[PDB]
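A single chain comes next, written as structure tokens; it is the form deposited without this ligand.
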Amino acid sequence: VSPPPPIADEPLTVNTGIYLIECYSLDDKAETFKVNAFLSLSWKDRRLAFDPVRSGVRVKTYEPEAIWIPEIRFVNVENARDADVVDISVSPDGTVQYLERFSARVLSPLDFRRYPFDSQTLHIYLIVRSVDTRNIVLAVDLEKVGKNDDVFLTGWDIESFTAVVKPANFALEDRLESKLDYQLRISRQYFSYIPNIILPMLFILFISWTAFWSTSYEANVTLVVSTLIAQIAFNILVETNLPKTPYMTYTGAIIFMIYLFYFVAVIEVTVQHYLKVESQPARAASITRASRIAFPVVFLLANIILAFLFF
């Protein structure tokens, strides 16, 4: 078919609305997420307008093939929106009330720097390409934008589903395009962080620190090195729960610092033994005594430094 003719030099406003039925399958690595939702569209086609008295009925139900429907697409999707039309209703003035139920895999970038205290702002971009006969602009219908209460993304809290009312109108490949931003705000909700990442790593670190209450080089080497392997093993056990990223995480920084503390530990152990063997057990025990407090304090300061450096 053909688009509705203009009022006068003025473009066609299409009233959009997305209602989140089910939000799921968030891929922290791939920066994707799947959504099953309703897309409500509304425009005024005066060609379809009818007198309610002569026709007998107030709202006429139509098939998509019969009526002209604007070509709405999503900007940040992987493939076809896999949509099925729910209901088309034309009011006597010609205002079409479109509704479809779609399921799409959305590519929204993710920021794990503050992991696992980070919050993500998910984007759904709605696009419409203006044809040469008439120009098309998008709008937001606030009553038709929401989310179901039962929407669950395990490990996160679904804060708000909102949209940027003002569209981003720009020129692309010699034609006008109207873009709309649908923002899904989610905060992180890891409660087992401390009991299944930090706490057992802190134990493996403290165990190594008992070498400051020992003089046996053979036992100290065994402590610091064996606990280091224990730590790696543990880092492999939690490897899945950790985010694979080209940038440095907050948790990623803690982990690095642990590896630095194992090195500094070995330095001490090595020094304590070298001073003892080089007949100066005066300094050798002075250092080992300080290291009993120097290691915990410097660790707490360095952790306070990063926690401030990230937050």
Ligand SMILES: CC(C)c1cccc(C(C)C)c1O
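We call the rigid core whatever largest set of C-alpha positions still superposes within 1.5 Å between the two forms. Residue numbers here begin at 1 and follow the sequence given.
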Using only the Cα atoms and their B-factors as the entry lists them, report which of 211-219 and 231-239 averages higher. 211-219
Could you check the entry and say whether 301-309 or 1-9 has the higher mean CA B-factor? 1-9
C-alpha B-factor winner, where the candidates are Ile186, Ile204, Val131, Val224: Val131
Compare the CA B factors listed in the entry for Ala104, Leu180, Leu142, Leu122 and report the winner. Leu142
What third of the chain does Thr249 rank in for C-alpha temperature factor, lowest, middle or highest? lowest
Of the three thirds of Cα B-factor ranks in this chain, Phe170 occupies the highest
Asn196 - which third its CA temperature factor falls in, relative to the rest of the chain: middle
Determine, from the deposited record, the chain-internal third of the Cα B-factor for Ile255: lowest, middle or highest. lowest
Position of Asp27 among the chain's modelled residues by C-alpha B-factor, lowest, middle or highest third: middle
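Same protein, other form: the form solved in complex with this ligand, not shown, and the subject of what follows.
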Contacting member of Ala139, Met201, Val90, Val145, with respect to this ligand in the entry with it bound [4.5 Å, heavy atom]: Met201
is_contact(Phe50, this ligand) in the entry with it bound, heavy atom dist at most 4.5 Å: no
Partner contact for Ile197 in the entry with it bound: this ligand, 4.5 angstroms, heavy atom: yes
Just checking whether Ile158 would be counted as a contact of this ligand in the entry with it bound - the rule being heavy atoms within 4.5 angstroms. no
Quick check on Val238: any heavy atom within 4.5 Å of this ligand in the entry with it bound? yes
Residues of 252-274 having any heavy atom within 4.5 Å of this ligand in the entry with it bound, listed in sequence order: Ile254, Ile255
Residue showing a 2 Å-or-more C-alpha displacement between the shown form and the other one once the rigid core is overlaid, selected from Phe152, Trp213, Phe203, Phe234: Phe234
Using a superposition on the rigid core, decide whether the Cα position of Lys34 changes by 2 angstroms or more between the shown form and the other one. no
Superposing on the rigid core, do we see a C-alpha displacement of 2 Å or more at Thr245 between the shown form and the other one? yes
Between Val238 and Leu107, does the Cα distance in the entry with it bound come out closer or farther than in this form, changing by 3 Å or more? closer
Assuming the CA distance changes by 3 angstroms or more, are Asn241 and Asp28 closer together or farther apart in the entry with it bound compared with the shown structure? closer
